[PDB]
Amino acid sequence: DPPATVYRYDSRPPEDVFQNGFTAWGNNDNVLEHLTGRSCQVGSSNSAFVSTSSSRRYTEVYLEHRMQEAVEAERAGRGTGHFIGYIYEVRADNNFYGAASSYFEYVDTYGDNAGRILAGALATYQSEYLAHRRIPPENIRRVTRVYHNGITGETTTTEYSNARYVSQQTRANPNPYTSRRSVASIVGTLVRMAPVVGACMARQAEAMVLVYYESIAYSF
Amino acid sequence: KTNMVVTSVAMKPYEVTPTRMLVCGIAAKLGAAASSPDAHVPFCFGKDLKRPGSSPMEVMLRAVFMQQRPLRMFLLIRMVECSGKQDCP
Amino acid sequence: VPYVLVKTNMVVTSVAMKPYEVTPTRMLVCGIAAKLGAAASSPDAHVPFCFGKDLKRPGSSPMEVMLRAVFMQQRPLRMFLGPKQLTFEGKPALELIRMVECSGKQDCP
Amino acid sequence: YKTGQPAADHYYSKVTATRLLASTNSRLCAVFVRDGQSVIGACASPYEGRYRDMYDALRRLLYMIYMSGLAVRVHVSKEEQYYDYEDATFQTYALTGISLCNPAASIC
Amino acid sequence: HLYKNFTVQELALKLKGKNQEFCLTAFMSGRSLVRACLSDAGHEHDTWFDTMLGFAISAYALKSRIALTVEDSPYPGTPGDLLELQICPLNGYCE
Amino acid sequence: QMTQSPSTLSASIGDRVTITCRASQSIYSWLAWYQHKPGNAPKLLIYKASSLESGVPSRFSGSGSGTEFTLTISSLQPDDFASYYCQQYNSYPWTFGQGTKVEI
Amino acid sequence: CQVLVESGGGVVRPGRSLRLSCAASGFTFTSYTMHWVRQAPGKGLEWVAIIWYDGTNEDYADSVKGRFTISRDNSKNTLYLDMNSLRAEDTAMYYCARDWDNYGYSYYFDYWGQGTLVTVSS
Amino acid sequence: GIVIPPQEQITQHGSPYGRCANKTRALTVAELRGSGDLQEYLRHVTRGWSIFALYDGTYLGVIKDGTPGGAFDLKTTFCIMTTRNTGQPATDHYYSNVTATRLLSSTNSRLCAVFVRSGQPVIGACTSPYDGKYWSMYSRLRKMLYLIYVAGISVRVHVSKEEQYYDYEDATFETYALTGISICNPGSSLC
């Protein structure tokens, strides 16, 4: 069952996304080069996928987590404290491919040894759905704006409705994405701490520290 | 304390006993105001050096500090991960 | 009598550990491995392996360290399976005696 | 608490770890969830219990399956019951094994 | 002395005679470079060094800042002794 | 400590015999029941408090209720005339029993 | 079939060394963990020595530590127990036992020996 | 060239069933042909119509070659003792900027890791929790090996050349025992 509505996070203001929306960084079709996190690095970013999520709780916890990062920087004196964030409710057309379905389809057809176990695990934990090469502004329906005041510590939530949304009966593509065998030398599934999140989503949200998942999952 | 999260993890020598270390840090309340004294609170826990292995509290402390989901600390003697939004909002 | 057989080009798919039913003095750290290139009809796609661990002396076995690293990195290896069998999920699971990460075609044909 | 149940293994499939509990000198506890509902509570201890030696090899996998929400099945020994969780509708029992689940192999 | 907001740059674990030391070379673009080793002197039968090394390895791999207090080393070119290791809040700065 | 009872007993051919062994602390199911021919090598009879080794007559049976263990011989052919020892393999040391004699 | 013959027992004055030998046939001598156990006259059996299938671990009972040294050999299929500083207590019937679980670490024994007398007195 | 362990590293007769004893390794045909002393030694020791077992083949007195593991069916398998006490001096030998690959581990034995830079092996370095004078160092080096294997960082390995292991087969790189692993960047005092 493909998910009807997906939620994707970003920091761009409503006046920009409602007209421009999101776009793919580059033209990388490989499924792991996105999931594993190389195609969303600093200097190698060429991803043709825009990462999303199919669960509003996963996106909400990221915003709650980044809420602490803002106030923590206020404690150290190196942060403004005030925060802004956005969750864009995008209706899934026939251009979205599920990470868990995409990843497992890769591993089955191109050898078991080509995929990291945490790469598949991060795909499921993320409920991440990839947008192919663009998201037109006609695809955005609702944006939830969360504002924080460090002086008061109170969060104000406001919901906006798109003026260019087009009502259609659409759903995500149940089928996965097919990409060639990756010539790339994969080192590890890059993630971000507080909380665990794929590198692609973390970078496309906005220096950010990108930490190997295989170097932190197992205790020393 | 409820809806707490751990911000700083750190273990230090204990001068009282040469065979005892203290994992000691600072915990912050998720979403609380910085000016509110309730958010920033000390946290301290002890480990005997003679025991070979890792204490069962330290494993969970590392896990929760790594994944940052909140905790409820019972005065520290024990602490429990938050169950749900209606439980630990 | 099962003569030790050299298994080539597995990747440890699943890691599963259990208490040993023989004595309270040994762990049973085990897993399910799958060869690459063979059909799923043969039991070569879900071959189970087991190995004990000494629970009296704290620490981690070097072979356990290898199993963790390799299974995380999903990397090929060659095992020397046999000749002891241990129970696992109601089916036999052979014991491995040493495991070698493959280099190339010559090492792991 | 020793329930006196006839020391048999219990199979709980397709679960993931949430809600870690721990104390100073006591056992650590984890709730296990499938499809959003609690199924079993499994705990391990290095200080008291029949499986007190079990704890290092357990914590080596519990940390992993807590960091990574991987497919896990719990083998539970029901000899000892625990009441650490406050108002626990789910039964809390001792932990004897953690097995990563492979649907492709269809073992779990 | 106290040092704050330092991310580790190098970590080494080497031997010295009978004993073995482990140390960190921590550098921040702002101030100068700091180096500090700790060795097991009378702690061979203890478990202090093992958890010290676990914390150091985790702090390096997880790429977080450290705030450490290191005693002064009178001999130039030789790292001072470290007593406390403290992982800074993830993706931020210590207080 | 891991102590048997009774010290000695008698039973004709075709009867049954029960021997109990108790421990200060629980041994779970880590019990071995041994037959000691006076002037020969003991041969293992009962393992895990319930199972039976290969080549052993089925008349022997074991009950493993935690602290208290029982061993029963359903029918006593003359071959069953020996001592019987209860052994733990849970914790240090691997204590044996004191023996119980079976004769006419 | 599995056999285990003992050898090398006799009267020994206090404070002298002796060698107890165990020979086995029909199977690998020390692919199994092998133990050494003794019985005092009119008392309960106790456990003394353990040998792995390679010789890695050799632990002893609390009463034979520092005065008993255990040994294995696969070339001649022999188990050896060396007694030094023999005391009056160890006036016992000694024999060796093979473990059943195979490939190490069981504390229950399948095949024992006929036993050899080692007596310590003035 | 293929590194050949010396003559003294061979047991009299290996265990049956194909499983060599602990702390021993099966013998491949390449190593057997590597040294003629071993050839003549096994030529004169073993008499009669006897065929033994090898990993890469067999032995008769010509030598046949087969599939890996195929000949393990027959009982007698040659076992080279993995460890040899060279007698070389106790010093520090450092090899810098290499990364881990091709790990080896056995039953109740050591953990090995080939170190490679620029595509070719440099030094085979291993640690053993049980055996060896550096047994107090596995519980310290396993963490470093795991980190530098999962992250694949350029790391310098410091070995002591007393013992000589032979856990790898057809190993061009020599195998030794490792003492200090350092995560370093060029031009540093802790390097």
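Residues numbered from 1 in each chain as written, not as in the entry; some residues may be left out. Chains lettered and ligands numbered in written order. Heavy atoms only, no water.

As recorded in the entry header, the structure was determined using cryo-EM to a resolution of 3.6 Å.

Student: How should I be thinking about the overall build of chain G in this particular structure?
Tutor: Secondary structure summary: chain G contains 0 helices and 9 strands in total. Scanning chain G from its N terminus toward the C terminus, one meets helices and strands in the order β-β-β-β-β-β-β-β-β. Each principal axis of the C-alpha atoms in chain G carries an extent, and together these give about 40 × 30 × 25 Å. Looking at chain G as a whole, 52% of its 122 residues are labelled buried. Contacts in chain G between residues far apart in sequence, at least 24 positions, make up 54% of those at least 6 positions apart. Counting only carbon and sulfur atoms, one obtains 48% of the accessible surface of chain G, whose full area is about 5,000 Å². (Helix = DSSP H or I, 4+ residues; strand = E, 2+ residues; numbered from the N terminus. Buried < 20%, exposed > 50% of the residue type's maximum accessible area, 1.4 Å probe, protein only. Contact = heavy atoms within 4.5 Å. Areas by Shrake-Rupley, 256 points an atom, 1.4 Å probe, with all protein chains shown as cover.)

Student: Please explain a nonpolar patch on the surface as it appears in this structure.
Tutor: Taken together, the side chains of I51, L60, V62 and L74 of chain H make up a nonpolar region of the molecular surface, amounting to roughly 320 Å² of accessible area. Within the fold, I51 of chain H resides in the loop between α2 (36-45) and β2 (52-53). (Patch = residues over 30% accessible without salt bridge, like charges linked within 9 Å, V, L, I, M, F, W, Y side chains within 5 Å. Salt bridge = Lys/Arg side-chain N within 4 Å of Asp/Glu carboxyl O.)

Student: Just to check I follow, could you spell out the interface of chain C and chain G for this structure?
Tutor: It is common to give the size of an interface as the accessible area lost on bringing the parts into contact. Opposite the 7 residues of chain C that make contact, chain G presents 9 residues. The junction of chain C with chain G conceals about 740 Å² of combined surface from both sides, 57% of it contributed by carbon and sulfur atoms. Looking at the side of chain C facing chain G, the largest losses of area belong to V22, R26 and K84 of chain C, adding up to 51% of the total buried there. Viewed at the interface, chain G and chain C are joined by 0 salt bridges. Inspection of the region where chain C meets chain G yields 4 residue pairs in polar contact. For the side of chain C that touches chain G, the residue count by class is 2 nonpolar, 2 polar and 3 charged. (Buried area = accessible area lost by both parts, 1.4 Å probe. Polar contact = N/O pair within 3.5 Å; in protein donor to acceptor, adjacent residues only side chain to side chain. Nonpolar A, V, L, I, M, F, W, Y, C, P; charged D, E, K, R; others polar.)

Student: Looking at this structure, how should I read the sheet that holds strand β3 (residues 49-51) of chain A?
Tutor: Backbone hydrogen bonds hold the strands of a sheet together, and the pairing may be parallel or antiparallel. Residues and elements named next belong to chain A. Taken in spatial order, the 3 strands line up as β3-β6-β5 in an open sheet, and their pairing is antiparallel. Edge strands, defined here as strands with exactly one partner in the open sheet, are β3 and β5 (96-98). On average, adjacent strands in this sheet sit at an angle of 35° to one another, irrespective of strand direction. Alignment of β3 against strand β6 (residues 129-132), held across 3 bridges, turns out to be antiparallel. (Pairing = 2+ DSSP bridges. Axes fitted to C-alpha atoms, helices over the stretch in contact; angles between N-to-C directions.)

Student: Could you clarify how one ought to interpret the arrangement of the chains in this entry?
Tutor: Between all 16 pairs of chains that are in contact, chains C and H come out with the most contacts. The least C-alpha distance between chain C and chain E, which are not in contact, is 11 Å.

Student: Looking at this model, I keep getting lost on the interface of chain H and chain C. Mind explaining?
Tutor: Contact with chain H, which involves 28 residues of that partner, is made by 29 residues of chain C. Between chain H and chain C the total buried area reaches about 2,600 Å² when both faces are included, carbon and sulfur atoms providing 58% of it. Summed over the three residues of chain H that lose the most area to chain C, namely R102, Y146 and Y149 of chain H, the buried surface amounts to 22% of that side. Along the contact surface separating chain H from chain C lie 2 salt bridges. In this structure, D107 of chain C engages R102 of chain H in a salt bridge whose closest nitrogen and oxygen atoms are separated by 2.4 Å. Across the contact surface, chain H and chain C share 13 residue pairs in polar contact. At 6 residues, strand β6 (residues 93-106) of chain H tops the list of elements feeding residues into the side of chain H that touches chain C. Of the residues assigned to the side of chain H that touches chain C, the class counts are 13 nonpolar, 8 polar and 7 charged. Both strand β5 (residues 91-101) of chain C and β6 of chain H contribute to a ladder of 3 bridges, which runs antiparallel. Each residue of the ladder has a partner; that of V100 of chain C, found in β6 of chain H, is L104 of chain H.

Student: It is not clear to me how the packing of aromatic side chains should be interpreted in this structure. Could you clarify?
Tutor: Here the distance between the centres and the angle between the planes together describe a pair of aromatic rings. Evaluated as defined, the whole model comprises 42 aromatic pairs over all chains. Plain terms: the ring middles of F220 of chain A and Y146 of chain H are 5.9 Å apart, the flat faces sit at 70° to each other, and that makes the pair edge-to-face. With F220 of chain A in the segment after β12 (211-212) and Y146 of chain H in helix α3 (residues 138-150), this residue pair bridges two chains. Taking the relative accessible area as the measure of exposure, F220 of chain A reaches 17% and is therefore buried. What makes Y146 of chain H buried here is its relative accessible area of 2%. Taken together, the ring pairs connect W30, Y47 and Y89 of chain F together with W100 and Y108 of chain G into an aromatic cluster. Above the face of the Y146 of chain H ring, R68 of chain C is positioned so that its terminal group lies 5.0 Å from the ring centre. (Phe/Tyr/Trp six-rings, centres within 6.5 Å; stacked < 30°, edge-to-face > 60°. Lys NZ or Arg CZ within 6 Å of the ring centre and 35° of its normal.)

Student: So what exactly am I meant to see when it comes to the pairing of strand β9 (residues 155-165) of chain H here?
Tutor: The side chains of a regular strand alternate, first on one face of the sheet and then on the other. Residues and elements named next belong to chain H. Across the 11 residues that make up β9, a large majority, 10, are buried. Of the pairings in the sheet, the one linking strand β5 (residues 84-85) to β9 comprises 2 bridges and is antiparallel in character. Bridged to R84 within β9 is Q164. Pairing between β6 and β9: 4 bridges, direction antiparallel. Each bridged residue has a counterpart across the sheet, and for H93 the counterpart in β9 is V159. Alignment of β9 against strand β10 (residues 175-183), held across 7 bridges, turns out to be antiparallel. Within β10, the position partnered with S160 by the bridge is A177.

Student: Help me out: how do you make sense of helix α1 (residues 55-67) of chain D in this one?
Tutor: Since the α-helix advances by 3.6 residues per turn, residues separated by three or four positions end up pointing in the same direction. When the terminal C-alpha atoms of α1 of chain D are compared, their 18 Å separation across 13 residues agrees well with the 18 Å that a helix rising 1.5 Å per residue should span. With respect to burial, α1 of chain D is a largely interior element, 13 of its 13 residues being buried. (Expected span 1.5 Å × (residues − 1).)

Student: Got a minute to help me understand the side chain of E89 of chain A in this structure?
Tutor: All names here are of chain A. Assignment of secondary structure puts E89 in strand β4 (residues 83-91). A polar atom in the side chain of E89 sits 2.6 Å from the side chain of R142. Leaving out residues up to four positions away in the same chain, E89 has contacts with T5, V6, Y7, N139, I140, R141 and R142.

Student: Explain the pattern of salt bridges here, please?
Tutor: Note that side chains of opposite charge can pair when their charged atoms are close. Following the criterion strictly, the structure yields 36 salt bridges over all chains and no others. With its nearest N and O atoms 3.9 Å apart, the salt bridge here joins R59 of chain D to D56 of chain D. With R59 of chain D and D56 of chain D both in helix α1, this residue pair falls 3 residues apart, about one helical turn. When sorted by exposure, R59 of chain D lands in the same class as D56 of chain D, which is buried. The partner of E46 of chain G in a salt bridge is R38 of chain G, and the shortest N-O contact between them spans 2.7 Å. A relative accessible area of 30% means that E46 of chain G is categorised as partly exposed.

Student: Which parts of the structure should I look at to understand the state of the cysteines?
Tutor: Where two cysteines share a covalent bond between their sulfur atoms, that bond is called a disulfide. This structure, assessed with the given rule, holds 14 disulfides over all chains. The disulfide partner of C30 of chain C is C50 of chain C, and the gap between their sulfur atoms is 2.0 Å. The chirality of the disulfide connecting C30 of chain C with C50 of chain C is right-handed, given an S-S dihedral of about 100°. Of this pair, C30 of chain C sits in strand β2 (residues 26-35) while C50 of chain C sits in strand β3 (residues 47-54), and the two are 20 residues apart along the sequence. Grouping residues by exposure puts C30 of chain C and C50 of chain C together as buried. What pairs with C184 of chain H in a disulfide is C191 of chain H, and their sulfur atoms sit 2.0 Å apart. Measuring handedness by torsion sign, the sulfur bridge of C184 of chain H and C191 of chain H sits at about -115° and is left-handed. The class of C184 of chain H is buried, set by a relative accessible area of 16%. The structure places no disulfide on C1 of chain G, whose sulfur is separated from the nearest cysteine sulfur, that of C96 of chain G, by 15 Å. By relative accessible area, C1 of chain G is classed as exposed at 81%. (Disulfide = S-S within 2.5 Å.)

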